[PDB]
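The structure tokens that follow cover one protein chain in two forms, given apart as structure 1 and structure 2.
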Structure 1
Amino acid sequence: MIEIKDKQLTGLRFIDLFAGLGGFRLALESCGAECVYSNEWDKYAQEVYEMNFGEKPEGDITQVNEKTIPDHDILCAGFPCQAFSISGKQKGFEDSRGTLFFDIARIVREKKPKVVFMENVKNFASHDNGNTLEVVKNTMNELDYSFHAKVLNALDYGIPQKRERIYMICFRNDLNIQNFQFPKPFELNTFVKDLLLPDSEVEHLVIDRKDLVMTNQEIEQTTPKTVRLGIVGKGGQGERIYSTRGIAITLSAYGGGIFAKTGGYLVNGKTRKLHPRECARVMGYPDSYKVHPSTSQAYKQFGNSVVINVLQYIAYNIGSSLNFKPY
């Protein structure tokens, strides 16, 4: 994550729904905002959240009476994506994990915050012939909010990962916000190799499979894209090896394959998956952030998370818009 000199969100309160690791919390607090509520029902996610923020998020949001949620200015929610991801079955709203957005609408209707800041996977934007995004847009509009949505790729914001996500920023109409803008992309000067840990700390992650098939030559020049160098097995998810001179592939939460959830990388002549701390870095988390003691759970958590840097630029712009109140 980056340093934020001008705290655009100072004095503003926000809630952290579907909190996970608390990526939205890190981003908004870095801008000066204050978290007044968090909700996350996964046991291990609650543990790591508490480990880092000192509080246990409330459980199952579907059983929480929205009237009990503290007043706030910004509602944050990176809601479930299994039902909308290009990697899944795409059952969408028909999926038992795909109707959480309506719980969000339920809370917004009651708490009417100034801003609703949501995140989901890129496929959410085109899912069901664009009908899914349209539903969210119309729902927010009905709730009397403006709707700004755009897909941003983390590689355009200083983080070496091709993580494409749709970000939806909604302003309550009475605020008459007409100058919100998504952050502009800038040149990437950090690559996977810049975030790796010393070899001595990741030897246990080295995988030497006799069915490894190097398909492309390593590159010496850094490039802002994923560069596949080979595969193992049939080359499915988690069976692909990439160059560290390029950027990382999207981290996943339930990913399989031998290089599960992180993908494989060629490092000093060897092939290995990423260490939880390297996943944290590829997600923009500071080294000060404490990872969950279970590596399996940590990979899952980071795979479900958000790139802090991206949310920071967006949060800054949300604040920039709210603070522009000329006479």
Structure 2
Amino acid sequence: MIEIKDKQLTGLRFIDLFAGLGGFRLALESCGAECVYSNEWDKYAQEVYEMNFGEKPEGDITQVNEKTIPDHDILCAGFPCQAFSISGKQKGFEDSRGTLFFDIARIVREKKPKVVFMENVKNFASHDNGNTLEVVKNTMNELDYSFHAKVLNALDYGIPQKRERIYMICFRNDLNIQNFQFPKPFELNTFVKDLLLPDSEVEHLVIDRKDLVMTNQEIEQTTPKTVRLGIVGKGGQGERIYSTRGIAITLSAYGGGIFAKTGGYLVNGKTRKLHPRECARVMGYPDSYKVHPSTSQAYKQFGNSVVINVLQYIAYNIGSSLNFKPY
């Protein structure tokens, strides 16, 4: 993550829904905001969340009563995508019933807040011929909110990894805000080689394979692209080797293969996976964020997580718009 010297959010209060590892929390707390709530049911996530943020989030959202949630200015949420079974006249609020989204709407209609800050998968914009996005959109509009959405790729913001994700920002219509804008992309000057740990701490991740077939040889120059160097097995997912002088492929929580979630990399004449500190680093997490003792957990977590840096630029630009109220 990077440091923000202009705390455009001091004094503002927020809730961290579907917490996971606490990305949105790391991000907003650096802009000055304060955390008033958190919710997350996966006992392992709650375990890491507590190791860093000292507290344990509450449980199953489906069961928390709306009128029970603290007063807040910003609602943060990276919920899980699910299809909507639209069975009726046109689209809106009533169709979000049965999904965990309805739980967001349920809390927004009855408690504050100035802005709803969400995030999801790269293809949220296309799911069901656009139907999935059409619903969340019409729902926010009909509760008196404005809707802005965009797909930003993390390599365009100082992080070496291919990872497109839709970011969605909603401003209460009461605020009258025609002033918002998503950050501008820039030059990348950090690649996978700069994020690795020394060999001594990564020996146990080397995988020796005789069916390794090299298609290209190591490039001499770094590029902001994904460079496939070789293969193993059938060359399907999880069995492809990448160059450290490039960008990391998209980390995944539930993938399989020989090099399962991190992908495999040619580091120093040996083929290995990424270590969890590396995974953290590839997501933007600071070296001070204590990770889960179980390396198979760290993987599932960091792959369902958030790119901190991107969250920090978008949040700053939110303090801005809310702080510009001239006579």
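Take the two forms, find the largest set of C-alpha atoms that superpose within 1.5 Å, and that set is the rigid core. Quick note, the numbers are simply positions in structure 1, starting from 1. Shifts are known only where both forms have a C-alpha.
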(request) Tell me which of the two, 1 or 2, is the form deposited without the DNA. (result) 2
(request) State which of the options 248, 115, 81, 155 undergoes a Cα shift of 2 Å or more between structure 1 and structure 2, taking the core as fixed. (result) 81
(request) Superpose on the rigid core, then tell me if the C-alpha of residue 144 is displaced by 2 angstroms or more between structure 1 and structure 2. (result) no
(message) Given a core-based superposition, decide whether the C-alpha of residue 96 shifts by 2 Å or more between structure 1 and structure 2.
(response) yes
(message) If I align on the rigid core, how far apart are the two C-alpha positions of residue 235 between structure 1 and structure 2? Answer in Å.
(response) 2.2
(message) As a test: superpose on the rigid core, then list the runs of at least 3 residues whose Cα atoms all move 2 angstroms or more between structure 1 and structure 2.
(response) 81-98, 235-237
